[PDB]
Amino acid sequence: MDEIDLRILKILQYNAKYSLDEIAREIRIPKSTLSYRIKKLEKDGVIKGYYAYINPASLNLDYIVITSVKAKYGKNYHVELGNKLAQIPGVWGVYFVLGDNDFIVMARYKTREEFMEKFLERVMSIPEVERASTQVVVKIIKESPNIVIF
C-alpha cells in the first residue's frame, strides 16, 4: 500500500458506490489503473468486501445493549465462552478486554422481549458465566465503524 491506496480507501470507506471516473478524477490517475489498484487491494485482503449500510431503526431495532460478561477461570472456559457469545443471534460485537479482564458484547434487538428470549435467557443459562452486566443504550451519539481512515 502507498499514499494513493490510502486516498482510494478513504473514499471507498464512505461511499463504495462512486463511479470510477469520479474517483479517478478526484485522485488524478488513469481509471484503468485505479481499477487495478482496487482489485489488488481486494486480493491482498485490505478490502474484505462491500456492504450495504442499513438503518437499524428501519428494522425496528430499538433495544440496543452493551453487556460485560465475566467468565469463570480454569480449563478453557474463557475461550469457550467467547465463541458461545459470538453465535447468539443479535450479537454483532464480542471483544475480550483488559482492565475488567472480561468480554464486551454488542447486540441489537427489536424489543425487550426479544432481548430476553434471544440474549439474556441464553446468557443466564451458561454455567461458565461468573457475572454479566447489561447496559441499555439510550442514545447512539455515533456509530461509524466503517470509518477507519480519519
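A residue's number is simply how far along the shown sequence it sits, counting from 1.
inquiry  = If you take the mean CA temperature factor per stretch, which one wins between 64 to 72 and 40 to 48?
reply    = Mean CA B-factor is higher for 40 to 48.
inquiry  = Test of understanding: from the entry's C-alpha B-factors, which stretch has the higher mean, 14 to 22 or 135 to 143?
reply    = It is 14 to 22.
query = Reading the B-factor column of the entry, which of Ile27, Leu59, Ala86, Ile104 has the highest value at its C-alpha atom?
reply = Result of the comparison over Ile27, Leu59, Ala86, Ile104: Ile27.
ask   = If you rank the chain by CA B-factor, which third does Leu81 end up in: lowest, middle or highest?
value = Middle third.
ask   = Going by the entry, which third of its chain does the Cα temperature factor of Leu34 land in?
value = Its C-alpha B-factor belongs to the highest third of this chain's values.
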